[PDB]
Amino acid sequence: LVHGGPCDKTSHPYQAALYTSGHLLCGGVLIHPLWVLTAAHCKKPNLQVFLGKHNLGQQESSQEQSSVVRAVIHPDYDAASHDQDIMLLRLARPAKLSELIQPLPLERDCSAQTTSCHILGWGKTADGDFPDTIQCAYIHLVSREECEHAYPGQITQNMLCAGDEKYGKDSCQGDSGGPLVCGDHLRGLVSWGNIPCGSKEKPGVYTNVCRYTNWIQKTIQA
């Protein structure tokens with residue numbers, strides 16, 4: 001994510017890192033001890049999940065590594081339009097919760113009143129490089145009409161937009177599937193946005209998590 005800074009060490013216990021072949025691919029959100037939520041476009045064979053991480057290259061006492069044994073892509077995911085960009089990853093074993101590994105509650109109300117939010121991840125920063133330390137930025141939700149105005153014909157009810165008109169704080173490559181946290185609830189997942197990254201003119205686009213409460217619950221309790 002661009003134009004943010006390193007997160008506080010204790011403030012992101014729900015953040016997951018998704019790796020393949022030993023390297024960061026995407027973010028994700030621990031939403032249940034057995035399940036990480038992420039973007040469908042992050043699906044690859046052999047996904048590995050790291051929980052409790054802050055600095056990627058440090059072996060951290062708080063971290064836990066888990067292979068993904070099942071990846072459940074939303075049945076209505078449309079890769080071409082990015083619509084319904086959501087996926088559930090089942091961990092091989094329940095995560096051992098701690099101060100630094102905790103699930104984040106889902107926002108169930110699509111009409112929720114909190115419009116200022118945090119984004120988090122290890123995606124590309126403003127220097128064009130990938131950070132070792134997880135980054136954070138505060139951004140604000142954009143109305144659907146404003147976002148539709150920015151990406152005509154591309155925004156659906158399954159998408160939420162957010163950005164920062166002052167500095168352009170925005171998610172970027174490698175942040176996909178990570179959290180948009182508003183009012184201490186998971187409101188969105190990083191999905192897509194402008195190229196280059198930066199939200200001064202066009203907002204970032206996030207999967208609208210509130211639309212998926214039923215499907216998430218049904219998948220977890222199957």
# chains A, B, ... in the order shown; residues from 1 in each chain; ligands from 1
>>> residues_around(residues="residue 2 of chain A", least_positions_apart="4", cutoff="7 Å", atoms="only C-alpha atoms", output="list in words")
residues 124, 125, 126, 169, 170, 171, 172, 197 and 198 of chain A
>>> write_last_selection(atoms="N, CA and C atoms", output="PDB file, in the first residue's frame")
ATOM      1  N   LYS A 124       3.111  -3.463  -2.449  1.00  0.00           N
ATOM      2  CA  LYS A 124       4.090  -2.490  -2.917  1.00  0.00           C
ATOM      3  C   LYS A 124       3.846  -1.119  -2.297  1.00  0.00           C
ATOM      4  N   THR A 125       4.934  -0.480  -1.879  1.00  0.00           N
ATOM      5  CA  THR A 125       4.869   0.848  -1.307  1.00  0.00           C
ATOM      6  C   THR A 125       5.204   1.893  -2.372  1.00  0.00           C
ATOM      7  N   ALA A 126       5.210   3.161  -1.945  1.00  0.00           N
ATOM      8  CA  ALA A 126       5.303   4.289  -2.869  1.00  0.00           C
ATOM      9  C   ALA A 126       6.647   4.349  -3.566  1.00  0.00           C
ATOM     10  N   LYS A 169      -3.424   7.814  -0.353  1.00  0.00           N
ATOM     11  CA  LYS A 169      -3.219   6.528   0.298  1.00  0.00           C
ATOM     12  C   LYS A 169      -4.112   5.468  -0.337  1.00  0.00           C
ATOM     13  N   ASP A 170      -3.533   4.300  -0.606  1.00  0.00           N
ATOM     14  CA  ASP A 170      -4.237   3.331  -1.437  1.00  0.00           C
ATOM     15  C   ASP A 170      -3.565   1.984  -1.271  1.00  0.00           C
ATOM     16  N   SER A 171      -4.325   0.924  -1.526  1.00  0.00           N
ATOM     17  CA  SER A 171      -3.711  -0.394  -1.582  1.00  0.00           C
ATOM     18  C   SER A 171      -2.960  -0.544  -2.905  1.00  0.00           C
ATOM     19  N   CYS A 172      -2.196  -1.625  -3.018  1.00  0.00           N
ATOM     20  CA  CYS A 172      -1.373  -1.801  -4.206  1.00  0.00           C
ATOM     21  C   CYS A 172      -1.108  -3.287  -4.395  1.00  0.00           C
ATOM     22  N   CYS A 197      -0.938   2.725  -8.474  1.00  0.00           N
ATOM     23  CA  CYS A 197      -1.661   2.824  -7.220  1.00  0.00           C
ATOM     24  C   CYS A 197      -1.613   4.259  -6.717  1.00  0.00           C
ATOM     25  N   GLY A 198      -2.667   4.656  -6.004  1.00  0.00           N
ATOM     26  CA  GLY A 198      -2.817   6.030  -5.547  1.00  0.00           C
ATOM     27  C   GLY A 198      -4.246   6.475  -5.764  1.00  0.00           C
TER      28      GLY A 198
END
>>> select_by_dssp(residues="chain A", states="strand (DSSP E or B)", output="PyMOL selection string")
chain A and resi 2+5-6+15-20+23-32+35-38+48-51+55+64-73+78+83+87-91+98+101+106+116-121+133+135-142+159-163+170+179-182+185-192+204-208
>>> residues_around(residues="segment 140-157 of chain A", least_positions_apart="4", cutoff="10 Å", atoms="only C-alpha atoms", output="NGL selection string")
:A and (81-84 or 110 or 114-119 or 161-165 or 169 or 180 or 182 or 193-194 or 201-205 or 207-208 or 211)
>>> residues_around(residues="residue 38 of chain A", least_positions_apart="5", cutoff="6 Å", atoms="only C-alpha atoms", output="MDAnalysis selection string")
chainID A and resid 28 86:87 177
>>> residues_around(residues="residue 57 of chain A", least_positions_apart="4", cutoff="10 Å", atoms="only C-alpha atoms", output="VMD selection string")
chain A and resid 53 131 to 133
>>> write_last_selection(atoms="C-alpha atoms", output="PDB file, in the first residue's frame")
ATOM      1  CA  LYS A  53       3.400 -11.768  11.315  1.00  0.00           C
ATOM      2  CA  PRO A 131       8.136  -3.679   2.405  1.00  0.00           C
ATOM      3  CA  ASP A 132       9.321  -6.048   5.076  1.00  0.00           C
ATOM      4  CA  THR A 133       7.154  -4.424   7.776  1.00  0.00           C
TER       5      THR A 133
END
>>> closest_residue(among="A:135, A:63, A:111, A:10", to="residue 99 of chain A", atoms="only C-alpha atoms")
A:10
>>> atom_distance(atom1="atom CA of residue 73 of chain A", atom2="atom CA of residue 174 of chain A")
18.7 Å
>>> residues_around(residues="residue 64 of chain A", least_positions_apart="5", cutoff="10 Å", atoms="only C-alpha atoms", output="VMD selection string")
chain A and resid 16 49 to 53 59 95 to 97 101
>>> residues_around(residues="residue 68 of chain A", least_positions_apart="6", cutoff="10 Å", atoms="only C-alpha atoms", output="list in words")
residues 18, 34, 35, 36, 45, 46, 47, 48, 49, 88, 89, 90, 91, 92 and 93 of chain A
